[PDB]
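Novice: What follows is a single structure, and I will ask about it in a moment.
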Amino acid sequence: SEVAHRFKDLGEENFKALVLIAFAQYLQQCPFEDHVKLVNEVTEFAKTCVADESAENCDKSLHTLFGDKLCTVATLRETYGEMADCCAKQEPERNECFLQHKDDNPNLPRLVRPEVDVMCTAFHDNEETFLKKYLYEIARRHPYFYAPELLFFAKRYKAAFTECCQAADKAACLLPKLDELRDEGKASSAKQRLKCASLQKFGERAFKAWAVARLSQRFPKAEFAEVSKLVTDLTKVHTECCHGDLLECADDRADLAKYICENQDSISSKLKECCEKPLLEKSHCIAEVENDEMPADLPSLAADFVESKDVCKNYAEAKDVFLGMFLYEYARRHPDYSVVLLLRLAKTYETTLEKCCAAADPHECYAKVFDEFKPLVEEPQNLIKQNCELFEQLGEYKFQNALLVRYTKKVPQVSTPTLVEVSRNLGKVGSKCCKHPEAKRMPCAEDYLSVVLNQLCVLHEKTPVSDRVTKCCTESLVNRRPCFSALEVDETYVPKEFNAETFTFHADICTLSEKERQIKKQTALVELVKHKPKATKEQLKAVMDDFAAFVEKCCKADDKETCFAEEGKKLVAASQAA
């Protein structure tokens with residue numbers, strides 16, 4: 001096992017795909033015919049490394065080889081500025097600036113989709129060149145996308161594209177497949193961006209606590225040792241795949257799939273059918289599985305940590321192992337609880353217990369600790385129940401209207417389309433999981449909503465305008481949502497002056513599509529409510545009703561903007577009646 005580059009475990013066909021995405025992930029050079037001969041020269045380098053070792057220099061580090069072989073590519077300084085700092089050797093490495101040297105750069109405008117015949121013929125003659133073109137096309141938009149998932153999308157692309165040219169269906173055979181592949185790629189790119197961003201920001205202990213809470217919730221039938229080995233190997237895979245070294249990432253995911261499909265008896269009872277799959281299907285199928293059933297007999301954990309007097313000696317012997325025992329025993333029993341709430345309860349437990357061992361008499365200090373968990377769980381169930389019944393009462397468009405009229409008085413200095421996009425995404429989250437029962441509502445409420453808040457945080461991080469929004473972003477991830485939800489109104493906002501030309505419209509608004517009419521409607525609504533900062537919402541509902549009736553009155557009218565001159569005149573005549 002002295003070989004430093006064993007691609008024979010991966011195979012020759014899989015080796016060429018994983019180096020092209022790494023070259024797209026290291027630089028964004030728009031010619032790519034040199035990328036094919038780059039793949040060819042590194043695979044003949046690999047074929048010379050096959051079966052003889054002492055005659056060559058194949059006993060080197062692969063990250064050093066990514067350092068040195070990229071210098072021969074980067075010879076043009078005005079197009080490749082990655083040689084500006086150093087030559088990127090092993091010990092003076094600059095991978096820590098190569099990670100964000102081109103990250104979040106949408107340099108390409110858009111991808112076009114022509115008619116079915118041209119790439120049907122390109123699939124008919126140049127199919128592997130079309131697949132390389134698709135990997136080069138999708139590898140330039142999101143650079144922090146999960147590298148064992150691209151082979152799954154390429155296999156699904158080949159399987160969904162090998163039958164549409166043969167069958168009579170051409171547009172409808174592939175177009176919703178392309179739409180759902182783009183939507184699944186956007187969702188998985190957002191999830192991988194959130195996970196690698198949390199690993200880059202909040203250390204490693206928070207990632208280990210989050211993953212032991214999730215693995216305690218998913219697999220309840222296992223003991224602590226298999227959970228500890230699984231969380232150590234998953235922490236290793238995610239700390240060495242959001243960084244580079246993609247070959248080790250794919251091989252480590254492969255042996256984790258081998259270990260989880262070879263020791264399935266003591267861990268779970270539902271993935272026995274899931275392990276009867278191909279290898280890429282085995283890698284994808286494990287990450288979305290149903291959680292198992294509860295154990296039949298389980299005692300209360302109040303008997304283990306209250307009347308047991310000798311618990312601080314176990315805490316002084318081991319801290320994080322003892323908190324791992326407490327978090328595993330608390331998250332095995334409650335499947336409806338969110339992971340963020342469980343991390344809040346574990347943090348409250350450790351900051352109570354490190355104060356209670358500071359006292360002289362610790363057994364009277366932790367006599368009442370389970371009363372403090374009642375207001376930490378009494379709030380968000382009532383909040384989710386109240387907003388879910390508001391969605392069940394008013395309907396979805398009025399729910400989006402209510403969430404846009406509610407948050408506009410909290411932070412009234414943020415711009416228009418950021419507010420419109422955040423209110424429409426929270427309307428989608430509120431319409432997503434009120435069709436579920438009460439047990440399956442909290443992970444919807446703390447899973448879909450966490451993408452929208454850090455999306456808003458990285459949108460406000462580029463252009464900082466407010467201060468209390470950025471103050472909530474600088475805290476920990478376990479208290480970001482109560483930092484946002486405990487905001488009140490501000491009295492420091494100046495009332496905006498009266499515009500006269502944006503309240504009026506044009507008579508082709510009925511010719512627009514309904515989504516564009518809605519974007520115009522909440523645009524004029526958010527300008528209308530930022531004109532009047534006073535809490536006069538009891539008149540605003542009737543004003544909204546006669547405004548909607550009086551804009552559909554002019555839809556029946558055909559005066560060709562003459563009725564629209566009398567429309568906005570009566571609206572600004574009725575504007576002062578407040």
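The way I read the labels, and the way they are meant: chains A, B, ... in the order of the structure tokens, residue 1 as the first residue of every chain, and ligand 1 as the first ligand shown, with later ones counted on from there.
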Write out as a CSV table (one decimal) with C-alpha atoms, in the first residue's frame each polymer residue whose atoms come within 10 Å of residue A:456, counting only C-alpha atoms; drop sequence neighbours fewer than 2 positions from it.
Specialist:
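Now in selection.csv:
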chain,number,residue,atom,x,y,z
A,418,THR,CA,-35.0,41.7,-1.2
A,419,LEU,CA,-38.2,42.2,0.9
A,421,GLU,CA,-38.1,37.7,-2.4
A,422,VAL,CA,-37.9,37.0,1.4
A,450,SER,CA,-32.9,28.0,7.5
A,451,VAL,CA,-32.0,28.3,3.8
A,452,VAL,CA,-34.0,31.5,3.5
A,453,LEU,CA,-32.4,33.2,6.6
A,454,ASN,CA,-28.7,32.5,5.6
A,458,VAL,CA,-25.4,36.6,2.5
A,459,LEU,CA,-27.5,39.0,0.5
A,460,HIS,CA,-27.3,41.6,3.2
A,461,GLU,CA,-23.6,40.8,3.8
A,469,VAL,CA,-29.8,42.5,10.8
A,473,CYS,CA,-25.9,37.3,11.7
Novice: For residue A:116, list every protein, DNA or RNA residue within 9 Å, evaluated using only C-alpha atoms, and leave out those in the same chain fewer than 5 positions away; present the list as a VMD selection string.
Specialist: chain A and resid 121 165 170 to 171
Novice: For residue A:322, find every residue with an atom within 12 Å (counting only C-alpha atoms), except residues of its own chain fewer than 3 positions away, and show them as a count of residues only.
Specialist: 20
Novice: So which bits of stretch 341-552 of chain A end up helix (DSSP H, G or I) when you DSSP the backbone, as a PyMOL selection string?
Specialist: chain A and resi 341-356+373-394+396-407+416-432+442-445+449-462+468-473+477-485+507-510+514-531+537-552
Novice: May I ask which of the residues A:376, A:286, A:510, A:294 is the closest one to residue A:259, counting only C-alpha atoms?
Specialist: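 Of A:376, A:286, A:510, A:294, the one nearest residue A:259 is A:286, counting only C-alpha atoms.
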Novice: For each of A:553, A:406, A:435, A:368, take the minimum atom-to-atom distance to residue A:392, counting only C-alpha atoms, then give the residue where this is smallest.
Specialist: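 Among the listed residues, the smallest separation from residue A:392 belongs to A:435.
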Novice: Report the distance between atom CA of residue A:430 and atom CA of residue A:545 in Å, rounded to one decimal place.
Specialist: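 Atom CA of residue A:545 lies at a distance of 23.5 Å from atom CA of residue A:430.
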Novice: Can you tell me which residues surround residue A:391 at a distance of at most 12 Å, considering only C-alpha atoms, apart from same-chain residues fewer than 2 positions away, and format the answer as JSON, numbers by chain?
Specialist: {"A": [384, 385, 386, 387, 388, 389, 393, 394, 395, 396, 397, 398, 399, 400, 401, 402, 403, 426, 427, 428, 429, 430, 431, 432, 433, 434, 435]}
Novice: Write to file, as a compact mmCIF listing (two decimals), in the first residue's frame, the residues of the selection just made, with N, CA, C and O atoms.
Specialist:
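The resulting file, out25.txt, is reproduced below:
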# COMPACT_ATOMS: atom_id res chain seq x y z
N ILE A 384 -45.45 28.22 15.40
CA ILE A 384 -45.71 27.47 14.18
C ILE A 384 -47.19 27.12 14.05
O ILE A 384 -47.75 27.21 12.94
N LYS A 385 -47.87 26.84 15.18
CA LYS A 385 -49.31 26.57 15.18
C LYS A 385 -50.13 27.81 14.80
O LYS A 385 -51.07 27.71 14.01
N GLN A 386 -49.73 28.99 15.31
CA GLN A 386 -50.43 30.23 15.01
C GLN A 386 -50.24 30.66 13.55
O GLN A 386 -51.21 31.08 12.89
N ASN A 387 -49.02 30.53 13.02
CA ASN A 387 -48.81 30.90 11.62
C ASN A 387 -49.42 29.88 10.66
O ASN A 387 -49.91 30.26 9.59
N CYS A 388 -49.46 28.60 11.05
CA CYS A 388 -50.09 27.57 10.23
C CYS A 388 -51.61 27.73 10.19
O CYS A 388 -52.22 27.54 9.13
N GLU A 389 -52.23 28.11 11.31
CA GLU A 389 -53.67 28.36 11.26
C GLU A 389 -54.00 29.68 10.58
O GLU A 389 -55.10 29.81 10.03
N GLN A 393 -56.45 29.82 7.45
CA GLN A 393 -57.57 30.75 7.38
C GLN A 393 -57.55 31.57 6.10
O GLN A 393 -58.51 31.55 5.32
N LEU A 394 -56.46 32.31 5.86
CA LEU A 394 -56.52 33.38 4.88
C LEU A 394 -56.24 32.93 3.45
O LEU A 394 -56.64 33.64 2.51
N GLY A 395 -55.58 31.80 3.24
CA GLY A 395 -55.13 31.43 1.91
C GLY A 395 -53.75 32.01 1.62
O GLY A 395 -53.26 32.90 2.30
N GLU A 396 -53.14 31.49 0.54
CA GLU A 396 -51.70 31.61 0.34
C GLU A 396 -51.27 33.01 -0.09
O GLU A 396 -50.24 33.51 0.38
N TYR A 397 -52.05 33.65 -0.97
CA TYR A 397 -51.73 35.00 -1.41
C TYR A 397 -51.93 36.02 -0.30
O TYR A 397 -51.13 36.95 -0.14
N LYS A 398 -52.97 35.82 0.53
CA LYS A 398 -53.16 36.69 1.68
C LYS A 398 -52.16 36.40 2.78
O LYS A 398 -51.83 37.29 3.57
N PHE A 399 -51.63 35.17 2.83
CA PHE A 399 -50.55 34.86 3.77
C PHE A 399 -49.25 35.54 3.38
O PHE A 399 -48.52 36.04 4.25
N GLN A 400 -48.95 35.58 2.07
CA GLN A 400 -47.79 36.32 1.58
C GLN A 400 -47.96 37.82 1.77
O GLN A 400 -46.99 38.52 2.09
N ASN A 401 -49.20 38.30 1.61
CA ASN A 401 -49.53 39.70 1.87
C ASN A 401 -49.36 40.06 3.34
O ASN A 401 -48.84 41.14 3.67
N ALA A 402 -49.75 39.16 4.24
CA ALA A 402 -49.62 39.41 5.67
C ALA A 402 -48.16 39.35 6.12
O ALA A 402 -47.74 40.16 6.96
N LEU A 403 -47.38 38.42 5.57
CA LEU A 403 -45.96 38.38 5.91
C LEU A 403 -45.16 39.51 5.28
O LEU A 403 -44.08 39.83 5.78
N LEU A 426 -40.85 32.86 2.37
CA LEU A 426 -41.57 32.46 3.58
C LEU A 426 -43.02 32.08 3.31
O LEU A 426 -43.56 31.24 4.03
N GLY A 427 -43.65 32.66 2.28
CA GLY A 427 -44.96 32.17 1.87
C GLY A 427 -44.92 30.77 1.30
O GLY A 427 -45.83 29.97 1.54
N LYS A 428 -43.85 30.44 0.58
CA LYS A 428 -43.67 29.08 0.07
C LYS A 428 -43.38 28.09 1.20
O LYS A 428 -43.86 26.94 1.15
N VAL A 429 -42.62 28.51 2.22
CA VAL A 429 -42.36 27.66 3.39
C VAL A 429 -43.64 27.43 4.19
O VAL A 429 -43.93 26.30 4.60
N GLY A 430 -44.46 28.47 4.36
CA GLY A 430 -45.74 28.32 5.03
C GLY A 430 -46.77 27.53 4.24
O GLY A 430 -47.68 26.95 4.84
N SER A 431 -46.65 27.48 2.92
CA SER A 431 -47.51 26.61 2.13
C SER A 431 -46.94 25.21 1.97
O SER A 431 -47.65 24.33 1.47
N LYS A 432 -45.69 24.99 2.35
CA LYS A 432 -45.06 23.69 2.11
C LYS A 432 -45.53 22.62 3.09
O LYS A 432 -45.94 21.53 2.67
N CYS A 433 -45.49 22.89 4.39
CA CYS A 433 -45.78 21.87 5.40
C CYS A 433 -46.83 22.34 6.40
O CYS A 433 -46.63 22.28 7.61
N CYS A 434 -47.96 22.82 5.90
CA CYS A 434 -49.22 22.74 6.64
C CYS A 434 -50.18 21.72 6.05
O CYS A 434 -51.34 21.66 6.48
N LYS A 435 -49.73 20.90 5.10
CA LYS A 435 -50.50 19.77 4.62
C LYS A 435 -50.10 18.47 5.31
O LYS A 435 -50.61 17.41 4.95
Novice: Which residues, written as JSON, numbers by chain, have at least one atom at most 12 Å from residue A:38, with only C-alpha atoms counted and residues fewer than 3 positions away on the same chain left out?
Specialist: {"A": [16, 19, 20, 22, 23, 24, 32, 33, 34, 35, 41, 42, 43, 44, 45, 66, 69, 70, 72, 73]}
Novice: Residues of stretch 183-252 of chain A within 12 Å of stretch 5-12 of chain A: nearest atom pair and distance (Å, one decimal) for each, counting only C-alpha atoms, sorted by chain and number, as JSON lines?
Specialist:
{"residue": "A:245", "atom": "CA", "partner": "A:5", "partner_atom": "CA", "distance": 11.7}
{"residue": "A:246", "atom": "CA", "partner": "A:10", "partner_atom": "CA", "distance": 11.8}
{"residue": "A:247", "atom": "CA", "partner": "A:7", "partner_atom": "CA", "distance": 8.2}
{"residue": "A:248", "atom": "CA", "partner": "A:5", "partner_atom": "CA", "distance": 10.0}
{"residue": "A:249", "atom": "CA", "partner": "A:10", "partner_atom": "CA", "distance": 11.4}
{"residue": "A:250", "atom": "CA", "partner": "A:10", "partner_atom": "CA", "distance": 8.4}
{"residue": "A:251", "atom": "CA", "partner": "A:10", "partner_atom": "CA", "distance": 7.3}
{"residue": "A:252", "atom": "CA", "partner": "A:10", "partner_atom": "CA", "distance": 11.1}
Novice: Would you put the residues from that selection into a file with N, CA and C atoms, as an mmCIF file, in the first residue's frame?
Specialist:
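The resulting file, selection-v8.cif, is reproduced below:
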data_model
loop_
_atom_site.group_PDB
_atom_site.id
_atom_site.type_symbol
_atom_site.label_atom_id
_atom_site.label_comp_id
_atom_site.auth_asym_id
_atom_site.auth_seq_id
_atom_site.Cartn_x
_atom_site.Cartn_y
_atom_site.Cartn_z
ATOM 1 N N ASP A 245 -9.188 17.889 -2.731
ATOM 2 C CA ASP A 245 -8.762 16.480 -2.688
ATOM 3 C C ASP A 245 -9.942 15.534 -2.941
ATOM 4 N N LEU A 246 -10.490 15.660 -4.153
ATOM 5 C CA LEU A 246 -11.788 15.075 -4.487
ATOM 6 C C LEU A 246 -11.729 13.558 -4.629
ATOM 7 N N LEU A 247 -10.549 13.024 -4.958
ATOM 8 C CA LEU A 247 -10.363 11.585 -5.122
ATOM 9 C C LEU A 247 -10.500 10.863 -3.789
ATOM 10 N N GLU A 248 -9.935 11.465 -2.740
ATOM 11 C CA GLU A 248 -10.079 10.978 -1.374
ATOM 12 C C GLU A 248 -11.522 11.100 -0.889
ATOM 13 N N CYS A 249 -12.233 12.149 -1.336
ATOM 14 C CA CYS A 249 -13.644 12.347 -0.996
ATOM 15 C C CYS A 249 -14.530 11.251 -1.576
ATOM 16 N N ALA A 250 -14.313 10.900 -2.849
ATOM 17 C CA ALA A 250 -15.100 9.840 -3.479
ATOM 18 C C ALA A 250 -14.750 8.460 -2.925
ATOM 19 N N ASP A 251 -13.462 8.213 -2.644
ATOM 20 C CA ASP A 251 -13.051 6.916 -2.106
ATOM 21 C C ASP A 251 -13.502 6.728 -0.656
ATOM 22 N N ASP A 252 -13.500 7.809 0.133
ATOM 23 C CA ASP A 252 -13.927 7.734 1.525
ATOM 24 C C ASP A 252 -15.438 7.586 1.637
#
Novice: Between A:420, A:414, A:306, A:442, which is the closest to residue A:367 once you count only C-alpha atoms?
Specialist: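 Selected residue with least distance to residue A:367: A:306.
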Novice: Using only C-alpha atoms, which protein or nucleic acid residues come within 10 Å of residue A:222? Drop anything in the same chain fewer than 5 positions from it, and give the result as a list in words.
Specialist: residues 215, 216, 227, 265, 266, 267, 268 and 332 of chain A
Novice: Work out how far atom CA of residue A:499 is from atom CA of residue A:548, in Å to one decimal.
Specialist: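 Rounded to one decimal, the two atoms are 20.3 Å apart.
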Novice: Identify which of the residues A:330, A:563, A:129, A:275 lies closest to residue A:300, counting only C-alpha atoms when measuring atom-to-atom distances.
Specialist: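 Comparing A:330, A:563, A:129, A:275 against residue A:300, the winner is A:330.
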Novice: Report as a list in words all protein, DNA and RNA residues lying within 10 Å of residue A:377, evaluated on only C-alpha atoms, omitting residues in the same chain fewer than 5 positions from it.
Specialist: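 In the requested format, the answer is residues 337, 341, 342, 345, 372 and 382 of chain A.
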Novice: For the residues in that selection, give me N, CA and C atoms as a PDB file, in the first residue's frame.
Specialist:
ATOM      1  N   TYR A 337     -38.740  16.761  17.471  1.00  0.00           N
ATOM      2  CA  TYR A 337     -38.001  17.946  17.872  1.00  0.00           C
ATOM      3  C   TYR A 337     -36.970  18.292  16.807  1.00  0.00           C
ATOM      4  N   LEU A 341     -33.363  23.235  18.181  1.00  0.00           N
ATOM      5  CA  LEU A 341     -33.932  23.244  19.525  1.00  0.00           C
ATOM      6  C   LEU A 341     -33.188  22.305  20.469  1.00  0.00           C
ATOM      7  N   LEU A 342     -32.732  21.155  19.957  1.00  0.00           N
ATOM      8  CA  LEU A 342     -31.960  20.213  20.762  1.00  0.00           C
ATOM      9  C   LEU A 342     -30.579  20.763  21.099  1.00  0.00           C
ATOM     10  N   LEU A 345     -31.146  23.272  23.874  1.00  0.00           N
ATOM     11  CA  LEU A 345     -31.340  22.615  25.165  1.00  0.00           C
ATOM     12  C   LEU A 345     -30.041  22.054  25.728  1.00  0.00           C
ATOM     13  N   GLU A 372     -36.834  24.660  33.377  1.00  0.00           N
ATOM     14  CA  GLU A 372     -36.316  25.637  32.430  1.00  0.00           C
ATOM     15  C   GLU A 372     -36.488  25.207  30.981  1.00  0.00           C
ATOM     16  N   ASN A 382     -46.138  26.971  19.598  1.00  0.00           N
ATOM     17  CA  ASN A 382     -47.233  27.934  19.526  1.00  0.00           C
ATOM     18  C   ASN A 382     -47.078  28.889  18.354  1.00  0.00           C
TER      19      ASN A 382
END
Novice: How many Å separate atom CA of residue A:541 from atom CA of residue A:501?
Specialist: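 Separating atom CA of residue A:541 from atom CA of residue A:501 is a distance of 23.1 Å.
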Novice: Select from stretch 83-121 of chain A every residue with an atom at most 12 Å from any atom of stretch 177-194 of chain A, then for each give the shortest pair of atoms and their distance in Å to one decimal, using only C-alpha atoms, rows by chain and rising number, as JSON lines.
Specialist:
{"residue": "A:103", "atom": "CA", "partner": "A:193", "partner_atom": "CA", "distance": 11.0}
{"residue": "A:104", "atom": "CA", "partner": "A:193", "partner_atom": "CA", "distance": 10.4}
{"residue": "A:111", "atom": "CA", "partner": "A:182", "partner_atom": "CA", "distance": 11.5}
{"residue": "A:113", "atom": "CA", "partner": "A:178", "partner_atom": "CA", "distance": 10.2}
Novice: Okay, now the selection with C-alpha atoms, as a compact mmCIF listing (two decimals), in the first residue's frame?
Specialist:
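Okay, part_12.txt is ready:
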# COMPACT_ATOMS: atom_id res chain seq x y z
CA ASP A 103 -16.04 31.69 -5.26
CA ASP A 104 -19.56 33.17 -5.72
CA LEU A 111 -27.44 28.87 -20.35
CA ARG A 113 -31.82 25.71 -24.54
